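Chemist: model the structure of this input:
(5 chains)
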Amino acid sequence: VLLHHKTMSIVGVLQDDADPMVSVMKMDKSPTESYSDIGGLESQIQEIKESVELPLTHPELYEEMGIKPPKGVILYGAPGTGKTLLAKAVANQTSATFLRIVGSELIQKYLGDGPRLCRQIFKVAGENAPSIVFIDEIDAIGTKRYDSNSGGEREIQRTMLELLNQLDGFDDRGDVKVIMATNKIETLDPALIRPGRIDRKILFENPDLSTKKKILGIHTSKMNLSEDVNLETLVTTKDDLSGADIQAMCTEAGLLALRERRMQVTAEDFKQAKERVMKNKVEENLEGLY
Amino acid sequence: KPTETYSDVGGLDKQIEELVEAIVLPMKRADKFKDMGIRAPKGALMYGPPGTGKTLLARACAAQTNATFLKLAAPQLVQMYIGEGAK
Amino acid sequence: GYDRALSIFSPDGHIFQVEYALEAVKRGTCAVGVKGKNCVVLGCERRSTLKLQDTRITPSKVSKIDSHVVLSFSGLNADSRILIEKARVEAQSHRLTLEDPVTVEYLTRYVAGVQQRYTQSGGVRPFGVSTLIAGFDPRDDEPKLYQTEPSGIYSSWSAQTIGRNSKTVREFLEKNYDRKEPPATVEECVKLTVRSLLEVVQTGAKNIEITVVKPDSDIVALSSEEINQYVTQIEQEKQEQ
Amino acid sequence: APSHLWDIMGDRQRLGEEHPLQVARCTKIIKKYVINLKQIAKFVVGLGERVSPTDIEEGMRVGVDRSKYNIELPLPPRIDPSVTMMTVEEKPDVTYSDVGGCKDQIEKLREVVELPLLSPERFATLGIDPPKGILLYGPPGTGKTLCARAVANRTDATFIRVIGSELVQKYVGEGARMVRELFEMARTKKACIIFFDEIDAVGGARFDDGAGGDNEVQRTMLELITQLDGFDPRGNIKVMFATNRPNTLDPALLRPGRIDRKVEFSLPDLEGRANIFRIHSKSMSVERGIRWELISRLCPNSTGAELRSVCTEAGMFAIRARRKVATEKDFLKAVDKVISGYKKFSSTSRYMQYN
Amino acid sequence: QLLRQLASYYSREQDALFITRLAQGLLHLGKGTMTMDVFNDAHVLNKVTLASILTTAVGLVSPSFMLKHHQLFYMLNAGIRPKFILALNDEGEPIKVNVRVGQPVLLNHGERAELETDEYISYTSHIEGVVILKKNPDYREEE
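Modeler: Numbers count the residues shown, from 1 in each chain, chains lettered A, B, ... in the order given. Shown next is the protein structure:
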């Protein structure tokens, strides 16, 4: 507010300008990442579009139907399936507020500040626009190995149950969407999900030889390739690879041609790129059966 | 003075006579205690099962005796300001 | 030894050691098979990630329990060797005790009955593998195809698949294949299994193993060149139609 | 426009010195008043012109003039906490008729809460004591928080929703003050409702020999129990304890005398789950001639969270499955989807009843 | 939030119960799926709607403004223009088209749509309203 010097009387209220306090809120300047780059996943792309983008873009479908729209979707799958870029392309066409939070920031060093942070995340986001709370790669409270910020077993129950009350005790008109994704959701407390709020569950698997042909053409669209490079030949050599491993070979092939400063990448760069990815970047999983 | 007295309990006379010899009789018979040469007890531990407990009789001690009572809560003695809880 | 129980009823009424064991089958190689009037065909795939595997020295994915009946499973390979060995010993034990060749009906209820013991036996865990028993009874030409689930429930099926991408193949076998008019020739039974493997194997050759079961204790295993012969004829009638 | 009318009366309320008062809490009353300022300064004062002698009480904020200290106007105490001002909600959206089923989890709550508030003279004839506290835990996913909001609608009074993690602050000992903040409004605002959510993070003895940082949380209940039932039985309103883990709580908290009515939620049966789809049948789109008793029968025993997911997902099949409204065929597809498809892992229902 | 703040006027006026709920029912007129607009795709100004809302603005009820009667606000029922789309063939047999709107998805004769055109060929303009769908012998897609 605004006081007075002599009379010490309130002159009026002073609103906070230049953004709502904390500016790390990920206001999304909208680099405009389209759906053409995530193409090939369209089987699972239209799944999240109907439960997230559809009620925001076309609210008349759910309002006239009478059903309540879901508050989000949980994602599970092996790393490299494009779970990070799936939610990024959705917020582009909606042109609304969207948040990106790292799961490791839910717990702090001071005791009691963990649940205090989770209160301010949904409070500020819910005041301005039909925002969306997206927390990616949640390792929170498992395999601790933390000397500094470890709060014992008391921080476990306060921080997690604070997020559950935001989807239960916190009232909302349906404009707040919560989407959680990570590598393994089994280590997390299943009571935190409460799948009466989230009716959508999307899984992910490794693409086949037909899908990798579309993904390879995406990264090579802006890349200059020579005439001796075949797209179907590189896909055939791909064995047990995800969407991130395909871009890894396209990036490694670009670095080899960058050292020699070649506009069109020759076929010799793809031969040395696939050998380095399958060696270091691609490690044999602990599954091991068959 | 509270509204709770010793007439609201029963069958507890075994443990009632022991509480009278702690915070009750020295409020009166202390003059007789100095003749025997003993000293009045400076306190008695009050506990029980994980439940309500004897607090119902704690009001009767501050009622029938009609003496000065001071209620001090242990969990109210811990504060963020150092030294204020000690004062 | 170990006397502590494992399988425990969930508060929903199910069992954790059962449902969690069924996920091992869905993560394994898909095993699909069909049966005709005069013949029975059991297809099986292999792991396409691993290479440099000689077919001759590698044990066949379809285990032969008896001359007239074989077993093609899908699931944990560690729990499958226990069922294969104990089913073959009982096959000879049945010939010793009753002096009768075993039947496909008795072999399925035995393997499924043994699985019911480990679920009910404290100190052991259920099998994480599902076996498919198909063969012909002695002096009988009627096809017998029985499914054995890790939970112990067994049933007969005209066309059934287990393993990964099972629901995709099951929906394909209902519309394309009809149980009222099964094919009476062996060539049509082999081409039917190949059509179900096109959506799983996904353009592969050495990873496909098809076992043909015929009456009178006749078993002919299709080689690598014989399997690819039926694949070429189907691909020509697929994209063109 | 409103600023013009306030500038006329602003001559006496600005130029003259009245409002510039220094507010401080009074300590000793001699009938000389010893009052300590916010700057830690002690002084002596007395009554004013219009000040009544009975208005000044021990431990109350009393504004005094900064130049010549004198009592002018009294103020309500406990002005420091700003947290409990936002804990009171108004007009919850969930109504009393939103809770489905004819079972005993409804009538038992209204008799120990809504009955003494609406008709306090009913139990006065028998001369009994209405239950101060209640007990609602149940399995996760039954909508227990929805039943707490249904009571606040019929009550038409102040409702207070307290989060279990809110009681624990960033300082040691501040959580003890957070307890009295809730009970102070009980005497100030009569006939209100307080509700605790997720008390498992607070309650329990947990003893000593553990990690050692656990002694701060166990003192919150000892402050909460003292403020509930202390040496002086001070209480008016109803207290509601709720969490998802009744087994991990304090075995003293699990015994009566702070609580009388104890109701645990259960999974609705075939007759119970039928009413779950009947309250949702008035919403969405229901085809004429469809029997909802067969859908709840094919669905196994599950919490109400997964029961409402059937009606919600049924509308999703109107797009990909090429359907106008929700038909019986889409209901059967939801059985293998909403239920059988979503079981997998990370499905609670009755999975976690304990830890 | 706006319609719930009028509860303070029931004490000052005994007729406020009907006045506050009169315009609320007019908002829900037509089961919420109908409205009143003087514009369309052809830009045709309709004087019937202008002869209803403008006349019922002043003197809505009897106590409003001067002394009036209760028959003045019934003129709004004549300006109802519901939105609909119909597709026939010859004798009126329905034909399924592809339209995604609010209730629905892939509608046909007997439902409504708002600002959408299907992929099926009717005759020429392929617009809303009542149209007749005819297909060529080369590519023919029908119900």
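Chemist: quickly check: stretch D:142-156 near chain E or not.
Modeler: No. With CB under 8 Å from any CB of the partner chain as the criterion, chain E is not reached by stretch D:142-156; the gap is at least 12.9 Å. C-beta here means a position set from N, CA and C on the backbone, and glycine is covered the same way.
Chemist: ok, residues contacting that stretch?
Modeler: Contact with stretch D:142-156 is made by A:168-169, A:196, D:89, D:91-96, D:98-99, D:105-106, D:109-110, D:113-114, D:117-118, D:136-138, D:159, D:161, D:193, D:195, D:197, D:240, D:242, D:265, D:267, D:303-305, as judged by CB atoms under 8 Å, 6 or more residues apart in numbering or on different chains.
Chemist: only the buried residues of stretch E:26-35, if you could.
Modeler: Residues residue E:26 are the ones in stretch E:26-35 that count as buried (16 or more other CB atoms under 10 Å in any protein chain shown).
Chemist: nope, stretch A:128-136 is what I meant
Modeler: For stretch A:128-136, the neighbour count (16+ other CB under 10 Å) marks A:130-136 as buried.
Chemist: try stretch D:38-47
Modeler: The neighbour-count check on stretch D:38-47 (16+ other CB under 10 Å) flags residue D:45 as buried.
Chemist: is chain B within reach of that stretch?
Modeler: No. Remark: stretch D:38-47 sits outside contact range of chain B, by CB under 8 Å from any CB, the gap being at least 11.7 Å.
Chemist: now the residue in chain C that chain B sits nearest to: closest residue in space that isn't a chain neighbour?
Modeler: Distance from chain B to each residue of chain C (CB to the nearest CB) is smallest for residue C:11, at 28.0 Å. Take residue C:11 and drop its neighbours on the chain: the residue closest to it by CB to CB, 6 or more residues apart in numbering or on different chains is residue D:350, 3.6 Å away.
Chemist: what sits against that neighbour?
Modeler: Counted by CB under 8 Å, 6+ apart, residue D:350 has contacts C:10-12, D:139, D:267, D:301, D:303.
Chemist: only whichever of the residues you listed are buried, select them in PyMOL.
Modeler: Command for PyMOL that selects the buried part of the contacts of residue D:350, burial taken from 16+ other CB under 10 Å:
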select buried, (chain C and resi 12) or (chain D and resi 139+267+301+303)
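Chemist: just put the contacts of residue D:350 in JSON lines and tack on secondary structure.
Modeler: Shown next, in JSON lines, are those (DSSP: H, G, I helix; E, B strand; the rest coil):
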{"residue": "C:10", "secondary structure": "coil"}
{"residue": "C:11", "secondary structure": "coil"}
{"residue": "C:12", "secondary structure": "coil"}
{"residue": "D:139", "secondary structure": "coil"}
{"residue": "D:267", "secondary structure": "coil"}
{"residue": "D:301", "secondary structure": "coil"}
{"residue": "D:303", "secondary structure": "coil"}
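Chemist: what is the nearest of the contacts of residue D:350 to residue C:222?
Modeler: residue C:10 (43.7 Å; CB to CB).
Chemist: do I have it right that the closest one meets residue D:351?
Modeler: Yes. With contact defined as CB atoms under 8 Å, residue C:10 counts as touching residue D:351 (7.1 Å).
Chemist: returning to what we had before: could you turn the buried ones of the contacts of stretch D:142-156 into a ChimeraX selection?
Modeler: Burial among the contacts of stretch D:142-156 is assessed by 16+ other CB under 10 Å; the matching ChimeraX selection reads:
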select /A:168,169,196 /D:92,94,96,99,105,106,109,113,114,117,136,137,138,159,161,193,195,197,240,242,265,267,303,304,305
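Chemist: among the contacts of stretch D:142-156, name the ones in strands.
Modeler: D:89, D:136, D:159, D:161, D:193, D:195, D:197, D:240, D:242 (DSSP state E).
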